[PDB]
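Next come the chains, spelled out residue by residue.
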Amino acid sequence: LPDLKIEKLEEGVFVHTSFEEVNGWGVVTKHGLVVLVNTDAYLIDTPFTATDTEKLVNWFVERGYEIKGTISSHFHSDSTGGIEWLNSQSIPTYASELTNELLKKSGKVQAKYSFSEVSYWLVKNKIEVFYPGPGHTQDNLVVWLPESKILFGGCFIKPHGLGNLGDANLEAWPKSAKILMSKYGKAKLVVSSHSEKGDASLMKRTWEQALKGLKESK
Ligand SMILES: C[C@@H](O)[C@@H](C(=O)O)[C@@H]1NC(C(=O)O)=C(S[C@@H]2CN[C@H](C(=O)Nc3cccc(C(=O)O)c3)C2)[C@@H]1C
Ligand SMILES: [Zn+2]
Ligand SMILES: [Zn+2]
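Scoring rules and cut-offs
- Residues numbered from 1 in each chain as written, not as in the entry; some residues may be left out.
- Chains lettered and ligands numbered in written order.
- Heavy atoms only, no water.
- Donors = N, O, S within 2.8 Å, 3.2 Å for Na, K, Ca; no water.
- Helix = DSSP H or I, 4+ residues; strand = E, 2+ residues; numbered from the N terminus.
- Buried < 20%, exposed > 50% of the residue type's maximum accessible area, 1.4 Å probe, protein only.
- Pairing = 2+ DSSP bridges.
- Right-handed = clockwise from strand over helix to strand, strands pointing away.
- Expected span 1.5 Å × (residues − 1).
- Arc of directions from axis to C-beta.
- Contact = heavy atoms within 4.5 Å.
- Core = buried A, V, L, I, M, F, W, Y, C linked by side-chain atoms within 4.5 Å.
- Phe/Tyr/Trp six-rings, centres within 6.5 Å; stacked < 30°, edge-to-face > 60°.
- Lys NZ or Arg CZ within 6 Å of the ring centre and 35° of its normal.
- Near = heavy atom within 4 Å.
- Polar contact = N/O pair within 3.5 Å; in protein donor to acceptor, adjacent residues only side chain to side chain.
- Areas by Shrake-Rupley, 256 points an atom, 1.4 Å probe, with all protein chains shown as cover.
- Nonpolar A, V, L, I, M, F, W, Y, C, P; charged D, E, K, R; others polar.

**Student:** Before we move on, can you summarise the coordination of the zinc ion (ligand 3) with the specific residues and values?
**Tutor:** Protein coordination at the zinc ion (ligand 3) comes from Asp78 (OD), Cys155 (SG) and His194 (NE2), with a distance range of 2.0 to 2.2 Å. The zinc ion (ligand 2) is placed at 4.2 Å from the zinc ion (ligand 3). On the criterion of sequence distance, the pair formed by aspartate 78 in helix α2 (residues 77–80) and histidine 194 in the loop between β12 (189–192) and α6 (201–217) is long-range, its members being 116 residues apart. Residue classification places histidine 194 among the partly exposed positions, given a relative accessible area of 36%.

Written out as structure tokens, the structure is:
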């Protein structure tokens, strides 16, 4: 299995790639972010494992940063795998109320801090967490960095196919995808969970794949 990797994408914006074997899909590549505000670091999604999460936290602790927060974009393992470990290490975890509700019904450890607002400023003028509506899951969020104009689309951005449909809402995805396109047209870069960083066009490609998926449904 490939080692956790961390790459600077921009001043104050890092991508973290982690890997795990999932039945059927094989070795899954999961991209997350780390955002720096002054001396504070914020985790956008955790690696699959407490181990990789520990490795990620130590990387920024070693460089003089303090982890002031972590946001999970939805309730599946590839966003929440490290939450239990982060809690034990006194690092504040965030998730939407919907995400925390789904984690509870799944018997999984919940984030410590939750929020219900469609648009939540995790850090004023720096990290916005946005709920476009159901798609990949009922609770999937995206994260917007207005300074860099980077959108983290998580498992919601699916330009070449929708992937795991287990908890997907095919009827809502296209509406949610078009809502995303409406709000973040000004996006310079779109970082997704499982595909290469692209431009704003990746929001339109997701809409096309959602529409296609919905059609096969009927
Ligand atoms: C462990 C969980 O966290 C799980 C989850 O969150 O549900 C992980 N997330 C997802 C996900 O859908 O976001 C998957 S599957 C992932 C899709 N993205 C990669 C991929 O192979 N994409 C792809 C490419 C071309 C065609 C198609 C097609 O479906 O036809 C799919 C792999 C993971 C196992
Ligand atoms: Zn998922
Ligand atoms: Zn995923």
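**Student:** Got a sec to walk through the pairing of strand β5 (residues 66–71)? Specific residues and values, please.
**Tutor:** Across 5 bridges, strand β4 (residues 40–44) lies against β5 in parallel orientation. Looking across to β5, one finds that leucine 43 is bridged to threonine 70. With helix α1 (residues 50–61) bridging β4 and its parallel neighbour β5, the resulting β-α-β unit is right-handed. Two elements, β5 and strand β6 (residues 93–96), share 2 bridges in a ladder whose sense is parallel. Paired with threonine 70 across the bridge in β6 is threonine 93.

**Student:** Requested: an account of α1, with residues and values cited.
**Tutor:** The end-to-end C-alpha distance of α1 is 16 Å, a good match for the 16 Å that 12 residues give at a rise of 1.5 Å each. For α1, every residue scored as buried is listed here: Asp52, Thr53, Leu56, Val57 and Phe60. Buried residues of α1 fall within an arc of 135 degrees about the axis and therefore sit on the same side. Residues of α1 that are buried in the fold lie against β1 (5–10), β2 (13–22), β3 (26–37), β4, β5 and α3 (83–88).

**Student:** Describe the nonpolar core, with residues and values.
**Tutor:** Formed by 20 residues in total, the largest nonpolar core has its most connected members in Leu33, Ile44, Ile71, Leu122, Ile127, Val143 and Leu145. Dropping the residues within four chain positions of it, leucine 122 is found in contact with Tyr42, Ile71, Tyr94, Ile127 and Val129. Counting 19 residues, the second largest nonpolar core, distinct from the first, contains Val142, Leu180, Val190 and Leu202.

**Student:** Give me the lowdown on the packing of aromatic side chains, citing residues and values where you can.
**Tutor:** Under the counting rule described, the total for this entry stands at 9 aromatic pairs. Measuring from centroid to centroid gives 4.6 Å for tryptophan 59 and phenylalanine 60, while their planes differ by 65 degrees, and the two rings are edge-to-face. For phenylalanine 60, a relative accessible area of 1% puts it in the buried group. Between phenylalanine 130 and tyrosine 184, the aromatic rings sit 5.7 Å apart at their centres with planes inclined by 90 degrees, giving edge-to-face as the arrangement. Here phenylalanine 130 is found in strand β9 (residues 127–130), whereas its partner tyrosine 184 is found in the loop between α5 (173–183) and β12, with 54 residues between them in sequence. A relative accessible area of 2% places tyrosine 184 in the buried class. Members of the aromatic cluster, each reached through a chain of ring pairs, are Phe14, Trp59, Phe60 and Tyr65. Seen from the ring of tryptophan 59, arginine 63 lies directly overhead, with NZ or CZ sitting 3.5 Å from the centre. The ring of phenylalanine 130 carries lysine 183 above its face, with NZ or CZ at 5.2 Å from the centroid.

**Student:** I'd like a rundown of the site of ligand 1, residues and numbers included.
**Tutor:** Of all residues adjacent to ligand 1, which total 16 residues, the nearest are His76, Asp78, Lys158, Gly163 and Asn164. In the model, an oxygen atom of ligand 1 is placed 3.0 Å from a nitrogen or oxygen of the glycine 163 main chain. At a separation of 3.1 Å, an oxygen atom of ligand 1 approaches a polar side-chain atom of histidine 194. Considered on its own, ligand 1 offers 680 Å² of accessible surface; in the complex 73% of this is hidden by protein. Residue composition of the shell around ligand 1, by class: 5 nonpolar, 9 polar and 2 charged.

**Student:** Any chance you could break down the environment of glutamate 147 for me, citing the residues and the numbers?
**Tutor:** In this structure, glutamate 147 sits in the loop between β10 (142–145) and β11 (150–154). Using a relative accessible area of 69% as the deciding quantity, one classes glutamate 147 as exposed. Along the chain, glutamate 147 and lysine 126 lie 21 residues apart, while their C-alpha atoms are 6.7 Å from each other. Separated by 2.8 Å, the side chains of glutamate 147 and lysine 126 make a polar contact.

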